[PDB]
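# Survey of secondary and tertiary structure
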Amino acid sequence: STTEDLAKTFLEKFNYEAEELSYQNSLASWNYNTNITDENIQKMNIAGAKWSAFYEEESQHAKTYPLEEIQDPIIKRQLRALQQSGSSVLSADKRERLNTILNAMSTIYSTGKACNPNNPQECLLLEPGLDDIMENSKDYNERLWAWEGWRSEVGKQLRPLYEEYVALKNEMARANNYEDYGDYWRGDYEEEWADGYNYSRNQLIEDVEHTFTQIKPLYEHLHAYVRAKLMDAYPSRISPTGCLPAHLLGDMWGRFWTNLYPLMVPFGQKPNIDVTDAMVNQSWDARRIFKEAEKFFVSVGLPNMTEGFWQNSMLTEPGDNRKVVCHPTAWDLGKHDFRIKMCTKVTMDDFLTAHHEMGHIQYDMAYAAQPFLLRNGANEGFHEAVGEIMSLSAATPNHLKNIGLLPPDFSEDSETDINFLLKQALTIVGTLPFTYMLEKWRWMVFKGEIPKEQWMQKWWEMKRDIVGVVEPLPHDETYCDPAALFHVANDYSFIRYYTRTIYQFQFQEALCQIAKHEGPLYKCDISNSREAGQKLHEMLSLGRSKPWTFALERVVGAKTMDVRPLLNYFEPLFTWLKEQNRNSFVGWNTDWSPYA
Amino acid sequence: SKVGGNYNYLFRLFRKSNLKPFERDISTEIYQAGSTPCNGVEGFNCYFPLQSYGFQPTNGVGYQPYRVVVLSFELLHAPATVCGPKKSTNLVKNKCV
């Protein structure tokens, strides 16, 4: 007897019992971060430990289940994700050493504090103070002490720890039949078994360079933009021929950048859009804005939401003895039981986030009709893009006025667009250098062309050509300023922001043109598109069965992401990148050093 | 559905083959799945189908119960006391009726 029936009944049985477990697990995460009680913590320690038991067992059991005698191809990806040989091929000694290393760093990470110079009593948990001073003001030595210390305590204690972790990860996923730990990470984007649209583990090396060298003429001048957008800052401590110090990252790896811009500003007299006094005068509430969003989505044809959604969803801050943090998120409990959480307070960003979660309600009701082990979108790239399409369209004055924040007597101008583009210029343009740095450094080391001891040094000719940061205190293996942040303190990768950036304008243009709209891709809105609404709702019904080119050719007709929109959709920005720099130095030389 | 966990009631999900119209199936036996024999126990390519509700008040609309009653009026030949209620009226005398 063939094993196709065996494995499909096996995956269905996993669906049943592991869906009991994962249903109570989604409800348990929900409870855990809404109730903090010791028995519930003991449930997290013990009952939550029952979660990890069964998946490994059938991961080992389905490992014995074979791949040869299967028609109905579906099971092939199932076992590759349910045999999950991966790390289990190697020795429990290796995996146990790395895991107990992770437990050690987790404990010491949970226990961490660093604080003020000369006054170790008004101490500073990295939450409320001098770090916020670094961003709201321009306090140089302040961000020094913060970031120096927040590695000097954490990073030094785990430097041999983290280094052994990384090198032995290299060893394991060299032995993984993959190339290294990061190709083990790379195992996400592989697709095959449909003719013509294969993706390999070596072709992706070159093409993204080409799209990045389709970034590079923009990028090297985008490079020449932040380089130039930092000119008016400091004449005496930064020579125009010099490398800029390390403590201008914005973060502990430069994850956000908008710091020196409002000092560099050419035109900053006009205040931003602030309507908080009007909210105080009128006193709207999230309940009113909730049906506001509901009827806006009705204007594009979207229905209401059921009872079990919100009879557990608490929409207000609890306070009292029930301590709950105010980070809003979108949740799902499964089996026709879906639930959401937010904190309520009058804010335009809170309204936009509520729209984010309702657009997500429809947009991930998209894949609620698939079998349990496959409930996703065509690939994982459309996700962070189709998530924020409508919210970013609402960032334009049109929908923000349709929600009634502004009076009708306001006339339309193109100066609004020019300074909105300018504002995005001094706000958002910071992350892509580091993003693609980690992406391309990842692909080379994952194939093996950049070492670990000269990580900083090779990342200096680079970064003097990426975003301009270099140590004034050079780092050897003792001193310490990468790991002051939790994200890359836990070793992830950086392709998703590139995917979002180039994909979102492609979706807007394709929706515009199937809806028969024309214009620039900053002005390419998807509102009032019912005839493409059953397309936009079909843009959200794909599955995970086909290679990405089939899904593209169906939803939009263009099989690939387009970077001619990168070189000619920036044609105005790439020029405003030049126009703002037409009377400024295009370049800022890179040879002087602070410590000589 | 009861609150404290409805592990009393049970579900059934599997059988071997197709079935004729109009019969009751109460099969709870081990299913032989692969080439290896089962001998009536879970093991090498073997499976026991039965599971319980375990209902908490949280389960969703599709998995919330919908009592379906199939009123199967099977038509055969009887006087069939059960046909339907009959009404009546009041009578008037000494008139052409």
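Entry numbering is not used for residues: they are numbered from 1 along each chain in the order the sequence is written, which may differ from it, and residues without coordinates are omitted. Lettering of chains starts at A and numbering of ligands starts at 1, both following the order in which they are written. A larger assembly contains the chains shown, and all values are computed for the shown part only. Note: side-chain values were computed over all heavy atoms of the structure, leaving out hydrogens and water.

### Focus on the state of the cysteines
Residue and element names in this part refer to chain A. Criterion for a disulfide: a pair of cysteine sulfur atoms within 2.5 Å. Summed over the entire model, instances satisfying the criterion amount to 4 disulfides over all chains. Shown here is the disulfide that connects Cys326 with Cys343, its sulfur atoms set 2.0 Å apart. For the disulfide bridge between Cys326 and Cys343, the dihedral angle about the S-S bond is near -85 degrees, and by the sign convention the bridge is left-handed. Residue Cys326 is located in the loop between α16 (307-310) and β1 (329-330), and its partner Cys343 is located in the loop between β2 (340-341) and α17 (348-365); the two are separated by 17 residues in the primary sequence. Three exposure classes are used, based on accessible area relative to the maximum for each residue type with a 1.4 Å probe and protein chains only: buried under 20%, partly exposed in between, and exposed over 50%. Given a relative accessible area of 18%, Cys343 falls into the buried group. Disulfide partners in chain A, listed by the sequence order of the bonded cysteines, are 1-2, 3-4, 5-6. Helix numbering and strand numbering both begin at the N terminus, where a helix is a DSSP run of H or I of at least 4 residues and a strand a DSSP run of E of at least 2.

### Describing the pattern of salt bridges
Residue and element names in this part refer to chain A. Definition used for salt bridges: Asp or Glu carboxyl oxygen within 4 Å of a side-chain nitrogen of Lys or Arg. Summed over the entire model, instances satisfying the criterion amount to 16 salt bridges over all chains. Here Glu579 makes a salt bridge to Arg582, at a shortest N to O gap of 3.0 Å. Exposure remark for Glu579: the relative accessible area of 35% places this residue in the partly exposed category. Its relative accessible area of 58% is what places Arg582 among the exposed residues.

### Observations concerning the side chain of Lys440(A)
Position of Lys440(A) relative to the elements: it lies in helix α22 (residues 432-447). The contact criterion used throughout is that any non-hydrogen atoms of two residues lie within 4.5 Å. Setting aside anything within four residues of it in sequence, one finds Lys440(A) in contact with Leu204(A), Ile205(A), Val208(A) and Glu209(A).

### Some details on the interface of chain B and chain A
Across the contact, 14 residues belong to chain B and 15 residues belong to chain A. Values labelled buried area give the accessible surface lost by two parts on being combined, using a 1.4 Å probe and summing over both. Taken over both partners, the interface formed by chain B and chain A buries close to 1300 Å², and the fraction arising from carbon and sulfur atoms is 57%. Looking at the side of chain B facing chain A, the largest losses of area belong to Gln51(B), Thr58(B) and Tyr63(B), adding up to 34% of the total buried there. Here a polar contact is recorded for every N or O atom pair within 3.5 Å, except that within protein the pair must consist of a potential hydrogen donor and a potential acceptor, and residues adjacent in sequence are included only if both atoms are side-chain atoms. Taken together, the links from chain B to chain A amount to 4 residue pairs in polar contact. Note on residue classes: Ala, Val, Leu, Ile, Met, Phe, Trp, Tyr, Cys and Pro are nonpolar, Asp, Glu, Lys and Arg are charged, and everything else, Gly too, is polar. A breakdown of the residues in the side of chain B that touches chain A according to their chemical character gives 6 nonpolar, 8 polar and no charged.

### A few points about the UniProt feature "disulfide bond" in chain B
Between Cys38(B) and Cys46(B), where UniProt annotates a disulfide, the S-S separation is 2.0 Å; being under 2.5 Å, the link is counted as present. As far as the burial class goes, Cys38(B) and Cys46(B) line up, both buried. UniProt positions are given in the numbering used here, feature names are shortened, and annotations may be inferred rather than shown by experiment.

### Some words on the packing of helix α11 (residues 204-213) of chain A against α22(A)
All names here are of chain A. Structural elements are reduced to axes, namely lines fitted to C-alpha atoms, with helices fitted over the stretch in contact, and the angle between N-to-C directions of any two is expressed from 0 to 180 degrees. Packing of α11 against α22 brings their axes to within 11 Å, and their N-to-C directions diverge by 155 degrees. In terms of orientation, α11 and α22 fall into the roughly antiparallel class. Pair α11 / α22 crosses with left-handed handedness. Counted together, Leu204, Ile205, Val208, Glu209 and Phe212 of α11 and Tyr436, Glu439, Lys440, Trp443, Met444 and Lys447 of α22 form the full contact between these two elements. Considering only residue class, the contact of α11 with α22 consists of 7 nonpolar, no polar and 4 charged. Angles are sorted into four bins: roughly parallel if under 35 degrees, roughly antiparallel if over 145, roughly perpendicular if 65 to 115, and oblique for all others. We call a crossing left-handed when the near helix sits turned anticlockwise from the far one by less than a right angle, and right-handed when that turn is clockwise.

### So, unusual backbone geometry
All names here are of chain A. For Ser283, which is not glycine, the phi dihedral falls at a positive 60 degrees. Tracing the chain through its elements places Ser283 in the loop between α14 (276-282) and α15 (286-298). Residues other than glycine seldom take positive phi values, yet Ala596 does so here, at roughly 55 degrees. Looking at the element boundaries, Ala596 is found in the segment after α27 (564-579). A residue is classified by how much of its surface remains accessible, and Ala596, at 76% relative accessible area, is exposed.

### Re the packing of aromatic side chains
When two rings of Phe, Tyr or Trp (its six-membered ring) have centres within 6.5 Å they constitute a pair, described as stacked for plane angles under 30 degrees, edge-to-face for angles over 60, and tilted for the intermediate range. Scanning the model with the defined rule gives 33 aromatic pairs over all chains in all. Their ring planes at 45 degrees and their centres at 5.2 Å tell us that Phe296(A) and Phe297(A) sit as a pair that is tilted. A relative accessible area of 13% places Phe296(A) in the buried class. Under the relative-accessibility criterion, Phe297(A) is labelled buried at 6%. One aromatic cluster in this structure is built from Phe505(A), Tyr522(A), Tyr569(A) and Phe570(A). Note that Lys335(A) overlies the ring of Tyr63(B), its terminal NZ or CZ placed 4.0 Å from the centroid. A ring is considered to have a charge above it if a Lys NZ or an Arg CZ atom is located within 6 Å of its centre and within 35 degrees of its normal.

### Some details on the side chain of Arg95(A)
All names here are of chain A. Among the secondary structure elements, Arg95 is positioned in helix α5 (residues 92-110). For the buried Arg95, which has no salt bridge, the nearest side chain bearing the opposite charge is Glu56, at an N-O separation of 8.1 Å. A polar contact of 2.4 Å, which involves the side chain of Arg95, links it to the side chain of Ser87. Counting rule for charge: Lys and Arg are taken as positive, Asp and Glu as negative, and neither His nor the chain ends is counted.

### Notes on the UniProt feature "binding site: Zn(2+) 2" (unreviewed entry) in chain A
Residue and element names in this part refer to chain A. Residues annotated in UniProt with the feature "binding site: Zn(2+) 2" (unreviewed entry) correspond here to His356, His360 and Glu384. Across 29 residues, the annotated set stays spatially compact, with a maximum C-alpha separation of 11.3 Å. Relative to the assigned elements, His360 resides in helix α17. For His360, a relative accessible area of 10% gives the class buried.

### A look at the UniProt feature "active site" (unreviewed entry) in chain A
All names here are of chain A. The sites that carry the UniProt feature "active site" (unreviewed entry) are, in the present numbering, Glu357 and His487. What stands out for the annotated residues spanning 131 residues is how far apart their C-alpha atoms range, the widest pair being 23.6 Å apart. Note on placement: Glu357 falls in helix α17. Take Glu357: its relative accessible area is 9%, and that puts it in the buried class. The contact partners of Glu357, leaving out residues within four places of it in the chain, are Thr329 and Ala330. As for its position among the elements, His487 is in the loop between α23 (455-464) and α24 (496-514). When residues no more than four places from it in sequence are discounted, the contact partners of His487 are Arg255, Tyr492 and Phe494.

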